[PDB]
């Protein structure tokens, strides 16, 4: 399954969405894509911090009445078990120089437990987490 990080699902909503990315999102089976409660927290906070006006309001509705509901049942929580993975994903990174930040750890950790792939623009961190990543911004080649 695929776990979408904040920056990937944010792209389409931008002024000039990245063509390649959108296309990628378009080649997926919704029921296969998930979201970490963390990422949902962020998306909602990102919305809440806007200036009051039409844009914010519309976007809010779209968020609660359109986007998120598509992910019902697939928004992953950061529960006690995930916490174990977390502690190990970060520790293992520190003892290899490459540091991983809490937020990224939460997301990574989540992904790892359910053995998923993180789709992010910043694969930079996640590789050190020993978890599969995919940059929708880049291309795909041979194996």
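Positions refer to the first chain, counted from 1.
K.L.:
Mean C-alpha B factor from the entry: is it higher for 107-115 or for 35-43?
P.N.:
Of 35-43 and 107-115, the stretch with the higher C-alpha B-factor average is 107-115.
K.L.:
Given the B-factors recorded for C-alpha atoms, which segment has the greater mean, 17-25 or 124-132?
P.N.:
Stretch with the higher mean C-alpha B-factor: 124-132.
K.L.:
For the CA B factor values reported in this entry, which option in 75, 93, 70, 49 has the top one?
P.N.:
Each of 75, 93, 70, 49 was compared by C-alpha B-factor; the highest is 93.
K.L.:
Would you check the entry's CA temperature factor for residue 8 and let me know if it's in the chain's lowest, middle or highest third?
P.N.:
Its C-alpha B-factor, which the entry lists for residue 8, ranks in the middle third among residues of this chain.
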